[PDB]
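> Build me a model:
(chains A, B, C, D, E and F)
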Amino acid sequence: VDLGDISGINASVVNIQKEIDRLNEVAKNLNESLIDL
Amino acid sequence: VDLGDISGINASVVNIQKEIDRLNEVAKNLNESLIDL
Amino acid sequence: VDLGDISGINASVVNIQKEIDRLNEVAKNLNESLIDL
Amino acid sequence: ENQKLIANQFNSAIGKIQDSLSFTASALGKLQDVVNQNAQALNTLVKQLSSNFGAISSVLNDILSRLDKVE
Amino acid sequence: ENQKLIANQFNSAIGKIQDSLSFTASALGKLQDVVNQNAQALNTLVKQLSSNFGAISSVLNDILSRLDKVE
Amino acid sequence: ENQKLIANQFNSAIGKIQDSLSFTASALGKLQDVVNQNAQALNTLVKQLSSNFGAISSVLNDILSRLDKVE
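Numbers count the residues shown, from 1 in each chain, chains lettered A, B, ... in the order given. Take a look:
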């Protein structure tokens, strides 16, 4: 008896930490674009 | 014979409904920021 | 012996390619909203 | 004249940003729905697998008992 | 002078918002790719598990038949 | 006067867009955390299932050996 192998079934991980950090950086930098007449 | 236990393997659920609701609220509120000279 | 059936356990797929394409289209179209006095 | 241009460009940009926010909200909603469905699927699979492995364990224990009783 | 300031600040803000939209699109694309890969992985696991449980069921049924034929 | 209106509307819009960007970043962070946790869960399940199927294979092979030795 030889059961099927399932060791190859892998689940990738996402790494969008660069994008989240850049979004927060832009949300902070948009204060430098406010208009002060 | 004692097979391994797998009951602890749980899958979390995401709850970003607050953020989606806030995004739609902002997309609706940006009409109050339009310029009418 | 009749083991339980698990064939119905299915995993949906997401199709947000329309939204990503529209976001990139808007990021490109915002150049047409720049102010050139 | 330049004020009309600034106002028109700003209104156009705000409309495009509103569209972008709506599309981001839609994409996040779809991703949430699919991630939650896959989580429910994994949990259902884990529960069914626990039941199936309990059943296999019981059957195998009975088989071992019978093999002991025979030999 | 104030018009030049308004135009410059608006162009800067629109550039930053363009960057933010590009990064949001990239993040949503990565999340889509990973969610779809994990969905394909769960479906492949379910299919292989169905095959394996069918095999175990057949073998266990044969074993029960042999145990009946012996005792 | 119109310049003050343009500046005020622009500052309001930039504040709302900052809020939207913060909420998008928070949503993407939550989605990342949950997708990564579910990926770790699927990998843990695959590893445990491999171990369990190896165990079942060994036990079933021993059972087949005993059935051969008996009959």
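> Report how many residues lie close to the residue nearest to residue A:2 when sequence neighbours are not counted.
The spatially closest residue to residue A:2, leaving aside those adjacent along the chain, is residue F:57, at 7.2 Å (CB to CB, 6 or more residues apart in numbering or on different chains). Using the backbone N, CA and C atoms, a C-beta is placed for each residue, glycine as well. A count of neighbours around residue F:57, defined by other CB atoms under 10 Å in any protein chain shown, yields 17.
> which residues touch residue F:57?
When contacts are counted by CB atoms under 8 Å, 6 or more residues apart in numbering or on different chains, residue F:57 is found next to A:1-3.
> Next, work out how far apart it and residue E:54 are.
As defined by CB to CB, to the nearest Å, residue F:57 lies at a distance of 15 Å from residue E:54.
> Measure how far the helix or strand hosting the residue nearest to residue A:2 is from the centre of its chain, please.
With the criterion set as DSSP states H and E, the secondary-structure element containing residue F:57 is helix F:2-70. Its chain's C-alpha centre lies 0 Å from the corresponding centre of helix F:2-70 when counted by CA atoms, centre = their mean, to the nearest Å.
> quick revisit: need the buried ones from the contacts of residue F:57 selected in PyMOL.
Applying 16 or more other CB atoms under 10 Å in any protein chain shown to the contacts of residue F:57, the buried members can be selected in PyMOL as follows:
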select buried, chain A and resi 1+3
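> Is it possible to get JSON lines of the contacts of residue F:57 that adds secondary structure?
JSON lines is the format used below for the contacts of residue F:57 (DSSP: H, G, I helix; E, B strand; the rest coil):
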{"residue": "A:1", "secondary structure": "coil"}
{"residue": "A:2", "secondary structure": "coil"}
{"residue": "A:3", "secondary structure": "coil"}
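> got a list of what the most centrally placed residue in chain D touches?
Chain D has residue D:35 as the residue nearest its centroid, 1.6 Å off, counting by CA atoms, centre = their mean. If a contact means CB under 8 Å, 6+ apart, then residue D:35 has B:13-14, C:14, E:35, F:31, F:34-35, F:38 as its contacts.
> and if we set it to 7 Å?
B:14, E:35, F:31, F:34-35 (CB atoms under 7 Å, 6 or more residues apart in numbering or on different chains).
> Let me know the distance separating it from residue E:34.
As for residue D:35, its distance to residue E:34 is 10 Å (criterion: CB to CB).
> ok, residue A:21 - contacts?
Counting by CB under 7 Å, 6+ apart, there are no residues that residue A:21 touches.
> What's the separation between it and chain D?
According to CB to the nearest CB, to the nearest Å, residue A:21 stands 17 Å off from chain D.
> Could you pull out the buried residues of the helix or strand encompassing that residue?
Using DSSP H and E, residue A:21 falls within helix A:17-29. By neighbour count with 16+ other CB under 10 Å, helix A:17-29 contains the buried residues A:19-20, A:22-27, A:29.
> so that helix versus helix F:2-70, what angle?
Between the axis of helix A:17-29 and that of helix F:2-70 there is an angle of 160 degrees, by axes from the mean of the first three to the mean of the last three CA atoms, to 10 degrees.
> How far away from the center of its chain is helix A:17-29?
11 Å.
> Show me which residues of chain A are close to chain F?
Contacts of chain A with chain F, taken as CB under 7 Å from any CB of the partner chain, map to A:1, A:3, A:6-7, A:9-14, A:16, A:19-20, A:23-24, A:26-27, A:30, A:33-35, A:37.
> Check whether stretch D:58-71 comes near chain F.
Yes. Counting by CB under 7 Å from any CB, chain F is contacted by stretch D:58-71 at D:60, D:63, D:67, D:70-71.
> Point out the residues in chain D that sit beside chain F.
For chain D, the contact set with chain F under CB under 7 Å from any CB comprises D:3, D:6-7, D:10, D:14, D:17, D:21, D:24, D:28, D:31, D:35, D:38-39, D:42, D:46, D:53, D:56, D:60, D:63, D:67, D:70-71.
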